[PDB]
Number of protein chains: 12
Amino acid sequence: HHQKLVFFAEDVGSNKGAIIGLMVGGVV
Amino acid sequence: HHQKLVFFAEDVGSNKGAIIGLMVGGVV
Amino acid sequence: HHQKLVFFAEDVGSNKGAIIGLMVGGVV
Amino acid sequence: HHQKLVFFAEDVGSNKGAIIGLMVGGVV
Amino acid sequence: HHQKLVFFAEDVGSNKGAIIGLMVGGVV
Amino acid sequence: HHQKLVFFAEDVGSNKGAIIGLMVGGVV
Amino acid sequence: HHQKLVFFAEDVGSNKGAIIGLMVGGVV
Amino acid sequence: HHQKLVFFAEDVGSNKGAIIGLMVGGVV
Amino acid sequence: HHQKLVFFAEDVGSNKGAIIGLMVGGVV
Amino acid sequence: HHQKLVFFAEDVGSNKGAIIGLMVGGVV
Amino acid sequence: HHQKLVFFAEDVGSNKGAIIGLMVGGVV
Amino acid sequence: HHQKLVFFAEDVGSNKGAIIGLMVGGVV
């Protein structure tokens, strides 16, 4: 009477890229 | 009387790309 | 009467990339 | 009557990348 | 000959809510 | 000869809600 | 000779709601 | 010949909420 | 010929909430 | 010919909340 | 009547990368 | 009637990288 259960979870809400807010430039 | 169950989940709401807010430039 | 259960979880909300707030530059 | 249970968890909310606030530069 | 410049940025990639990976329960 | 410039940015890629990966339950 | 410029940006790619991957339940 | 510049940045990638990896429970 | 510059930054990558890895419980 | 510059920074990567690894409990 | 249980947890909220607040530069 | 339990935990909230507050430079 064998029995097995497996549960797995990966990469929940991580930032593997970039999140950048503001960029400004140039002569004035 | 064998029995097996598997449950899996990956990549829930991560940012693998970019999220950038504002870009401004040029002479004034 | 064998029985086994496994539960696993990886990478929950880490920052493997960059999160940068402001960039400004140029002559004035 | 064998029985086994395993539970595992890795990388919960660490910063393997960079988190930088402000960058400014240039002549004035 | 007056001149003024202002630059501002807030809340770049923070987690003000929850990021939870796995939930399991019940009799077996 | 007055001159003024303003630049602003808020809430770039934050999680104000929840990001949850797996839910399982029940008798077996 | 007055001159003014304003630039603004808000809520770029945040999750104010929920992002949930899997739900399973019931007797077996 | 007056001149003024201001630069500001707040809350870059902090966790004001919770980041929790695994939850399991119940009779077996 | 007056001139002034200000630069400011706060809360870069701190944890004002909780980061908890695993929770397990129940009779066996 | 007056001139002034100010630079400020606060709360860089401190833990004002809790970071807890594992919790287990219950009869066996 | 054998019985075994294992529980494990690693890398909860550490900073393996960098968290830097402000950078400014240039002639004035 | 054998029985064994193991519990383990590593790297909870250490800084294996750098946490640096302010950088300024340049002629004035």
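What you see below is based on every heavy atom in this structure, not just the backbone, and it leaves out hydrogens, waters and symmetry mates. The sequence lines fix the lettering, A, B, ..., with proteins before strands; numbering per chain opens at 1.
Inspection of non-hydrogen atoms places I/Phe7, I/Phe8, I/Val12 of residues 4-12 of chain I under 4.5 Å from chain D.
Residue pairs meeting the salt bridge (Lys or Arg N to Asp or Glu O under 4.0 Å) criterion with at least one member in residues 19-28 of chain D, sequence neighbours excluded, do not occur.
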Expected list for residues 17-28 of chain D: side-chain donor-acceptor pairs under 3.5 angstrom, two or more places apart:
none

